[PDB]
Amino acid sequence: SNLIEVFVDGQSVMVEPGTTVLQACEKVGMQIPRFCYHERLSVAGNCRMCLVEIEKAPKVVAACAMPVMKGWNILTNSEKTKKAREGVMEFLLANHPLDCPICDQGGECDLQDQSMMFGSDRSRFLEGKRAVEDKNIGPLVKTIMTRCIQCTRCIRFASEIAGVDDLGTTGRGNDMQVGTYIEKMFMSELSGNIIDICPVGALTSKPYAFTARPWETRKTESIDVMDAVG
Amino acid sequence: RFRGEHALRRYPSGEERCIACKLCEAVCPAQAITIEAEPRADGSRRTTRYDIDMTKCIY
Amino acid sequence: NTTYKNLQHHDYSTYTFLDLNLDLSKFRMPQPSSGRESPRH
Amino acid sequence: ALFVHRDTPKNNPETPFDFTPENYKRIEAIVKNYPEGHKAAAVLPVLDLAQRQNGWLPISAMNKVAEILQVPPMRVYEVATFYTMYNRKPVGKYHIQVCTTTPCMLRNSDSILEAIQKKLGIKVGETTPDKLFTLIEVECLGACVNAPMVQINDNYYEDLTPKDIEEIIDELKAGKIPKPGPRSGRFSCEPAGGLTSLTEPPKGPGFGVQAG
Amino acid sequence: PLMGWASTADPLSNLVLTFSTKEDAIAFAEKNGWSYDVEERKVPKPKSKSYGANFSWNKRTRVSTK
Amino acid sequence: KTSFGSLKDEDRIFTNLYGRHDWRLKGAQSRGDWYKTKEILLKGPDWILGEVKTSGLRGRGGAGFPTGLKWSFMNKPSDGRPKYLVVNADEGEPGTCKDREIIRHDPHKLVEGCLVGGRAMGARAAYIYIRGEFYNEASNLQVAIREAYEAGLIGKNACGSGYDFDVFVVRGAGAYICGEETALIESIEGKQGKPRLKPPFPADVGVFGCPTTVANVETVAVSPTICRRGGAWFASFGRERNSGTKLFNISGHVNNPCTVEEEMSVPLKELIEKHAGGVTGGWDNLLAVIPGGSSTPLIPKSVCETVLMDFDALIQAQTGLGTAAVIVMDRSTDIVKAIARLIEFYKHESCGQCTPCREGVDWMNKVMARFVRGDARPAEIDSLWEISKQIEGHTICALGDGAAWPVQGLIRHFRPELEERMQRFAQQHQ
Ligand SMILES: Cc1cc2nc3c(=O)[nH]c(=O)nc-3n(C[C@H](O)[C@H](O)[C@H](O)COP(=O)(O)O)c2cc1C
Ligand code: SF4
Ligand code: SF4
Ligand code: SF4
Ligand code: SF4
Ligand code: FES
Ligand code: FES
């Protein structure tokens, strides 16, 4: 009845065909750490944090965009899984500036939480650290593109949901700006949703900008007005 | 390294040194720090209110 | 042999590729369509 | 290297740009190469046609390519900023590219750079105080079996030395473009001495065929 | 009115009681006396995503930007 | 078993590599092309796949997968969508000069190979992706395709068969990863040129979504002579697994640098000396020899006194053989400077999908610049070994692995020269 056996960490589970490895690991409750996978957008393999080891295999595969063959056995806490995660984390924190005090996602970043719970302790990379000139996406969205990790999730969101097609990658190598080439104010509907999509503090809110910090403000359930959907 | 009568420093020939990053409010074990932040017209992130109770302060 | 049989490419100007591409327009397979004329119809 | 447009009024649309109808006939042929329903694949050759119809491409040209091929403009901006033919800054009539990576550098490339440099005066990246001699160094052009090599517009030059650099630059100043073959013997990639490779004439049709 | 703080007449407001099932939550709320509104737990929907359908031929799932 | 041999004429796969013969359809027919090709088209793709798998054509282009198995992967039962053949004619890997020579001098043999490959899998069209920097040779290839269509040779009723087939030429725009296996496919589609992930292989999703296959110009150009000449005669050259003829391109610090055709199995010293002059200053003057090009670690002199030019032999020497770029470097040359410029090449030509190759090529270029100046301590060269371990095997494409290999080969073999450089800078700065 369309069932495939996957042994997540030895424990067996039946999984429908076609789904990714990460949906199976979330079917058993695990979380493989991730930056450019998102459960509402198309799957791209840019961030490379999502790597996981399959038993009896030389290479380390990407759990975001790997279909399920018959009878897997997946090690989420093996040796080279942890070595690959600490490696990718040590690459990501190189060209990322020292802005964690002045940043706006300082309580709710993902580089910080994953560099705690998966990454290394001592750093390296004595010299370098590129800096990119920031843009002006809109008067509603403050934009510091120095903090960008080029995960390409704002672009997939704009193109597949907002339908605007204004955000683009430009350049090669380290020089990959993510933005509008023509100084154009990205002004459309659902433009506010892009600040929750960007996982690092690059595309942040303009009126909220420097007024709070998320470990103090308490959360409360509520229902919208002014829209019939609520 | 004596501890008592804390005050805010400022830059050499410059502005206030604080950022309102709320690290001190997060770590204050007496919960004596009260920070309210606003940016000024220049665009640098700053404060409005930085109130300490010396009565609550265990130092 | 000792005589170089190129210099046919000695006098290729700028637009010669696209001019030959225009010259090869006919006798060509009819380019099978696929539903819509574009991903945005 | 200025990956933001920054209007610069020689740019800053609308700058007057238009195609000859013969180029419209070209674009008809190029779009008819590709299967119908995927008309967005002709952006690269049509944008190359715009590059050769107007020696450097403005933003009005990218907008016009987007209007003809009915794509969004931002994909055209991505394709134009990604590749290396599409020099977005304006360049001159001639365009010197000195190719140096490893074997070009390993066969004394810097003498060619200094020979260009003191024959022309201006340094890399920028240009002369008129048109037609924008100088850049580049990565591999694919003729590694020869000298550090010289590309002028759609033309190679292989197996050089600084005196041939001076000859080529003075004849380009005269306007008479030289022959685009390599210099100093071995007119193609040959062992320059006794030619110890194939010498006998080829056998022609049916030399040991089996189950044709 | 002397500093600009948030005074409150609320002892019970700063509580949170983390539980593990809805049944023990309802049992504790009915036992200890006060009223209760039990909301719902809303799981993420199990979808099916596919890179191969992100690169399709005739369908409209053509991302055109990666 | 011929003991690893050396090539002799009349058995070369393609003559007229130097342009000395008449180039036209008339000249190709005099040389022996388009001979009995209708009986090759009218015999069946089972025969061509059996012939290619029998001959043992090891695939060229740097990957090294066997070509017969890939063309057998293209035997999906036919659906409502067509099938494509993409002939990859780029030259990156500085040292290459490989199929520039073929695509300038004998394009009719490329049209041979693409027609036989299109018949070999039921393909419908052949897109030939040429490098953008090869404009004169692209016009020559257009002239060859024009004369092929004008003689009624391919097109509708290809060689008198009932099998239509067409060839299109896409000029590139200048890149290096457009030479890859799948960023090629996105460069055809009119996107920006970036690779795709591997779990969709091109035999399932390819050029706009149709199952296509990508083939190097050497494999395509050898592919008609495998069919029109003897069955497994191609495997009479060298060893058994990796066999046949290969171009060898000897550039750099050799006397009269050139390109030759030889056997696959051939000793390296005989390759260097007996076909392209000699090493400048005798054989003893050479410092190192890199085969393959820029995606292969180096070989010191004591190893290359013996090791022949085969895939498995160079893997036993722990260097993955790329494509034919067997170049040398002299004792009087800063190999640290040459390899640091090669890392600057990888920084100039690499996209930025993956965080590992992007950030790692950044660190390796800054660290190799500091080692050219000698501005560190040996813990830094050990950390360079650590990062070159961590980049390799965690990317989309093989450019990250290719950026990790020569740094590894340098740290494996020329350790004390780096120690001497850093000692010199310490003694001068102190
Ligand atoms: C960085 C890189 C460079 C490549 N360069 C070439 C090249 O110059 N020519 C080529 O045909 N394929 C090139 N390829 C693609 C692969 O070699 C591909 O497998 C090849 O086109 C066909 O392989 P095969 O001959 O083993 O079937 C390159 C791939 C990568 C990752
Ligand atoms: S985005 Fe995250 S890592 Fe970057 S400055 Fe902000 S909190 Fe720090
Ligand atoms: S701006 Fe944010 S969402 Fe967009 S690529 Fe950068 S990190 Fe990702
Ligand atoms: S908020 Fe507190 S910890 Fe942060 S900069 Fe100001 S004084 Fe320092
Ligand atoms: S490893 Fe680098 S060059 Fe290769 S796909 Fe990833 S980002 Fe691009
Ligand atoms: S989630 Fe798999 S690569 Fe980012
Ligand atoms: S490096 Fe100059 S031609 Fe290849």
> Any residue at all in region F:337-352 that is surrounded by fewer than 20 Cβ atoms within 10 Å (Cβ to Cβ) and assigned to a loop (DSSP other than H, G, I, E, B)?
Replying inline: no
>> If I go through region F:396-430 residue by residue, how many of them are assigned to a helix (DSSP H, G or I), under 26 Å from F:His348 (Cβ atoms) and among the aromatic types (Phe, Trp, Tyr)?
In response: 1
>> List pairs: first residue in region F:149-162 and under 18 Å from C:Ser25 (Cβ atoms), second residue loosely packed, with under 14 Cβ neighbours inside 10 Å and of a type in the set (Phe, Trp, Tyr) anywhere in the structure, Cβ distance under 7 angstrom, at least six positions apart or on different chains.
In response: F:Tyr149/C:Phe27; F:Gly155/C:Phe27; F:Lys156/C:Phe27
>> Being surrounded by fewer than 22 Cβ atoms within 10 Å (Cβ to Cβ), within 14 Å of chain E (Cβ to nearest Cβ) and more than 16 Å from ligand 5 (Cβ to nearest atom): is that true of F:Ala158 here?
In response: no
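Which residue is farthest from ligand 6 (Cβ to nearest atom), if the candidates are limited to region A:156-165 and must be surrounded by fewer than 23 Cβ atoms within 10 Å (Cβ to Cβ) and under 13 Å from A:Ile194 (Cβ atoms)?
The qualifying residue farthest from ligand 6 (Cβ to nearest atom) is A:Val164.
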> How many residues does region F:76-124 contain that are of a type in the set (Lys, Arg) and within 12 Å of ligand 1 (Cβ to nearest atom)?
Replying inline: 2
> Which members of region A:90-104 meet the condition of being of a type outside the set (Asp, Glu), touching a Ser or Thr at 6+ places or on another chain (Cβ under 7 Å) and either away from ligand 2 (no atom under 11 Å from the Cβ) or more than 10 Å from chain F (Cβ to nearest Cβ) (or both)?
Replying inline: A:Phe91, A:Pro97
> If you take the residues of region A:114-167 that are over 27 Å from B:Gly43 (Cβ atoms) and of a type in the set (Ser, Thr, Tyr), which of them is farthest from the other protein chains (Cβ to nearest Cβ)?
Replying inline: A:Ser115
>> Could you check region A:118-144 and list, in sequence order, the residues that are in contact (Cβ under 8 Å) with a residue 12 or more places away in the chain and within 28 Å of A:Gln31 (Cα to Cα)?
In response: A:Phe118, A:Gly119, A:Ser120, A:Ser123, A:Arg124
> Of all the residues that make up region A:33-60, how many are out of contact with any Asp or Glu (no Cβ under 8 Å at 6 or more places or on another chain), assigned to a loop (DSSP other than H, G, I, E, B) and more than 12 Å from chain F (Cβ to nearest Cβ)?
Replying inline: 8
> Out of all the residues in region A:9-27, which are within 13 Å of chain E (Cβ to nearest Cβ) and either in a loop (DSSP other than H, G, I, E, B) or within 16 Å of ligand 3 (Cβ to nearest atom) (or both)?
Replying inline: A:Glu16, A:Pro17, A:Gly18, A:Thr19
> What is the one condition in (1) in contact (Cβ under 8 Å) with a residue 12 or more places away in the chain; (2) part of a loop (DSSP other than H, G, I, E, B); (3) away from ligand 6 (no atom under 16 Å from the Cβ) that A:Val6 does not satisfy?
Replying inline: (2)
>> So in region F:370-390, with the set limited to residues that are of a type in the set (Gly, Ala, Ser), more than 9 Å from chain A (Cβ to nearest Cβ) and in a helix (DSSP H, G or I), which one is surrounded by the fewest Cβ atoms within 10 Å (Cβ to Cβ)?
In response: F:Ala379
>> Given the criterion within 16 Å of ligand 7 (Cβ to nearest atom) and part of a loop (DSSP other than H, G, I, E, B), identify the matching residue among F:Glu101, F:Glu93.
In response: F:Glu93
> Got at least one residue in region D:106-119 being basic (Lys, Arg) and free of Cβ contacts under 8 Å to residues at least 40 places away in the same chain?
Replying inline: yes
> Taking the stated definitions as given, is F:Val328 within 27 Å of the chain's Cα centre (by Cα), away from ligand 2 (no atom under 16 Å from the Cβ), in the same structural domain as F:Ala404 (by CATH) and in contact (Cβ under 8 Å) with a residue 40 or more places away in the chain?
Replying inline: no
> Looking at B:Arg45, is it more than 16 Å from ligand 5 (Cβ to nearest atom), within 14 Å of chain A (Cβ to nearest Cβ), in contact with a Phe, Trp or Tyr (Cβ under 9 Å, 6 or more places away or on another chain) and not in a helix (DSSP H, G or I)?
Replying inline: yes
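Basis: the model, the stated rules and, where named, an outside source; these are not laboratory values. Quick reminder, even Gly has a Cβ in these numbers, built from the backbone with ideal geometry, and neighbours come from all protein chains shown.
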